[PDB]
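Structure at a glance
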Amino acid sequence: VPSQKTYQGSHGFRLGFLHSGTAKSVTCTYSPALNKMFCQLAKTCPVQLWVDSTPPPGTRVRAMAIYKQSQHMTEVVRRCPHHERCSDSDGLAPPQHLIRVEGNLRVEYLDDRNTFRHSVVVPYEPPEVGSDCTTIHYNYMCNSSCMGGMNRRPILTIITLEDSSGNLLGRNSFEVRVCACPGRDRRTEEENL
Ligand SMILES: [Zn+2]
């Protein structure tokens, strides 16, 4: 199955997130204790790419989802039959892909010919002048509860840094939950310590 081991690499690639608290109006919140993001369906999910040194030109940023429970690791994560037959395509994203990228016309989606894994990839751009990180706005187009796709199984998002030719430059990952009230659910799952 696809690797998830953290790999910071020669460019010291770390992921970062906004520190949004757990108020009820929050659309997306990340738990450092759980290394877990909670987000709402289809809402903007900013993910920060932090690098100790800028990767070469033509570098690409790939996102992929896998099931976290070993007994579901080989099953391909994808939207439920209800949501892929939905009318929410942006004209770029395949109707079956869980993860989309927003606000970037150079986005590319892949169905692996041999693994069938889904992924979405964008060009890597360096941080905005006067900033320390590059931000990508991901969207999760299917709830963790969709009794038809994820069916309440936790998933991992694997963020991979690769050169123009697809060689791995770096890898990080975070657990994700797509729920109606991210703030409530984060506070509750941390109530479990
Ligand atoms: Zn769904």
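Cut-offs and rules
Residues numbered from 1 in each chain as written, not as in the entry; some residues may be left out. Heavy atoms only, no water. Residues with missing side-chain atoms left out of burial classes, pairs and counts. UniProt positions renumbered as here; feature names shortened; annotations may be inferred. Helix = DSSP H or I, 4+ residues; strand = E, 2+ residues; numbered from the N terminus. Buried < 20%, exposed > 50% of the residue type's maximum accessible area, 1.4 Å probe, protein only. Contact = heavy atoms within 4.5 Å. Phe/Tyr/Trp six-rings, centres within 6.5 Å; stacked < 30°, edge-to-face > 60°. Donors = N, O, S within 2.8 Å, 3.2 Å for Na, K, Ca; no water. Tetrahedral: all angles 85-135°; square planar, octahedral: opposite > 155°, others 65-115°.

In the numbering used here, UniProt assigns the "binding site: Zn(2+)" feature to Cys80, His83, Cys142 and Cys146. For the annotated residues, spread through 67 residues, the largest C-alpha to C-alpha distance comes to 9.0 Å, consistent with a single compact locus. Positionally, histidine 83 belongs in helix α1 (residues 81-84). Take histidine 83: its relative accessible area is 11%, and that puts it in the buried class. With respect to the secondary-structure elements, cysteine 142 resides in the loop between β9 (134-140) and β10 (155-162). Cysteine 142 sits in the buried class, given a relative accessible area of 0%. Look past the residues within four positions of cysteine 142 in its chain and what remains in contact with it is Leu41, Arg79, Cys80, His83, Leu98, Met150 and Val178.

What follows is about the packing of aromatic side chains. Given two aromatic rings, their pairing is described by the distance between the two centres and the angle made by the two planes. Going through the model one piece at a time under the given rule, you end up with two aromatic pairs. Judged by centre distance (4.1 Å) and plane angle (10 degrees), the ring pair of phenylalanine 17 and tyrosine 30 falls under stacked. Of this pair, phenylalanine 17 sits in the loop between β1 (14-16) and β2 (28-31) while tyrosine 30 sits in strand β2, and the two are 13 residues apart along the sequence. Here the aromatic cluster, defined as three or more aromatic residues joined through ring pairs, consists of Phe17, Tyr30 and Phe174.

A few words now on the coordination of the zinc ion. Coordination of the zinc ion by the protein is provided by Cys80 (SG), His83 (ND1), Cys142 (SG) and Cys146 (SG), with metal-donor distances spanning 2.0 to 2.3 Å. Here the zinc ion binds four donor atoms, and the angle range of 93 to 124 degrees at the metal identifies the geometry as tetrahedral. Counting along the primary sequence, the residues that act as donors to the zinc ion give the motif C-x2-H-x58-C-x3-C. Placement of the pair is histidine 83 in helix α1 and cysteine 142 in the loop between β9 and β10, with a sequence separation of 59 residues.

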